[PDB]
Every structure is written in structure tokens, then in C-alpha cells.
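Visitor: only geometry, no sequence info:
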């Protein structure tokens, strides 16, 4: 389990652990190893959060948090309390959707929602985006569901792009085991190489760092 550079060996940043809920790779064992790696390399804290999940709430991420994210965090806490010392455990923050999506955050999501509604090229790009995943799965989806899926992506985009606080703790970098279409898209957005109005409106010269860490 290592990083696929000297700022990490110099422990410059706090490190988020981005979890894809229900993705086959994110067994409790693999999550535990990502947490182990992050604790060894972090400036101080490790922030565990749910990055995606590919009517009890107006927000999809919030509904994921309450139906499933809480039971996931509980299992992670238990495993951690058996695997790590008490001093290590104290450095872990379990950041729920609520912890992350404060007032500043939701403004950035709202800018993206408004762009999704008013810019046909953005909408079409984000929707096409969703169809690539669903064309891998065996299940099929209709348009209204593809369109809603695209909105759920936008809710989570800022926490992969902008340095946000979780319970007042800034994390400048996060770990994820593989490059995805999402991480590629984010990297283009942060450089202004795609939909440059997004960088202009909600991004801020302090880009979140993506660390590719796996076995």
C-alpha cells in the first residue's frame, strides 16, 4: 500500500480518505489499510468522508449519509478501535455530509446546479458522464434518472476540488485507490481546461491534491 512527492514524506498536509460507498474495492479491510497509510503520512489528522455512492431528504448525499453512511462509519470505528492505539484513534475525524456541506459549500453546489440548468453543454457533458458508468453495469436507466444522477455528482464535486473544512479541520489532500473519470474531470476543471467558468466562480488557487494509493 503506497503512493503511485517529497511533501508527503515531509507530512505537509492533512489527508482525507475518500470512500466510494458500495464500490467493491472499499471493503472494511481496504478502508483500514487506506486509514493506516494516511495516519503514517498525515500532517496531523485523517478525515474519512463519503465521496460518492454509485424520500427522506432533499439532498441525495444527505440521504446516503443517514441510510448507509452512519452504519459504515460505525463499522470503521469498531475495526479501528481494535487495530490502532488510542493516540492514533484520536487523529481520525469521521466527516459526515453535514460536517462538510456548510453554508460556503452549498453555495458552490448551487452554482453548479444553476449551471446544470442554464448551460446545455454542461448538462450534456455531465449526463454523458453518467452513461459511461451505467453502460458498464448490466442494469439500465431512463433519462430522468440519468439527469438526476448527474445532479448527485455535482453535489459531491466541490469536496474533491476545493479545500473544505470538516469540523473545522482543513484537508489539503485525499487518497483514492485508482484514477477515475471523476478525478480526471476534476483535474481538468482545476486547471480551467474544461468549463473555465467553474474555476472562475468557485475555485480558488488552493486545489485539493489527489493521492493515488493502493496495494
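Guide: Looks like it arrived, so ask away. Numbers count the residues shown, from 1 in each chain.
Visitor: ok, residue 61 - contacts?
Guide: Residues near residue 61 by Cβ atoms under 8 Å, 6 or more residues apart in numbering: 50, 53, 97, 101, 152, 155-156. Just so you know, the C-beta spots here come from the backbone N, C-alpha and C atoms, and that holds for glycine as well.
Visitor: For those, which entry has the maximal number of neighbours?
Guide: Within those, most neighbours by other Cβ atoms under 10 Å means residue 50, with 25 neighbours.
Visitor: what about residue 15, neighbour count?
Guide: 27.
Visitor: Could you pull out the buried residues of the longest helix anywhere in the chain?
Guide: Longest helix of the chain, by residue count under DSSP state H: helix 143-161. Using 16 or more other Cβ atoms under 10 Å as the test for burial, helix 143-161 gives 146, 149-161.
Visitor: What backbone torsions are found at residue 74?
Guide: Residue 74 adopts backbone torsions of phi -70, psi -40, taken as degrees, to the nearest 10.
Visitor: What's the separation between it and residue 96?
Guide: Distance, residue 74 to residue 96, using Cβ to Cβ, to the nearest Å: 12 Å.
Visitor: of those two, who's got more company?
Guide: residue 96 (19 against 11).
Visitor: For the chain, just list every one of the strands.
Guide: 2-3, 15-20, 46-52, 92-94, 165-166, 169-170, 173-176, 209-214 (DSSP state E).
Visitor: What residues sit buried inside stretch 202-215?
Guide: 202-203, 207-211, 213-214.
Visitor: So which residue is smack in the middle of the protein?
Guide: In the chain, the centroid-proximal residue (Cα atoms, centre = their mean) is residue 51; its distance is 2.9 Å.
Visitor: My understanding was that that residue contacts residue 22; is that so?
Guide: No - between residue 51 and residue 22 there is no contact under Cβ atoms under 8 Å: 11.6 Å.
Visitor: I'd like the strands of the chain as CSV, with distance to residue 195 appended.
Guide: CSV is the format used below for the strands of the chain (distance: least, Cβ to Cβ, whole Å):
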stretch, distance to residue 195
strand 2-3, 29
strand 15-20, 22
strand 46-52, 19
strand 92-94, 31
strand 165-166, 25
strand 169-170, 25
strand 173-176, 22
strand 209-214, 19
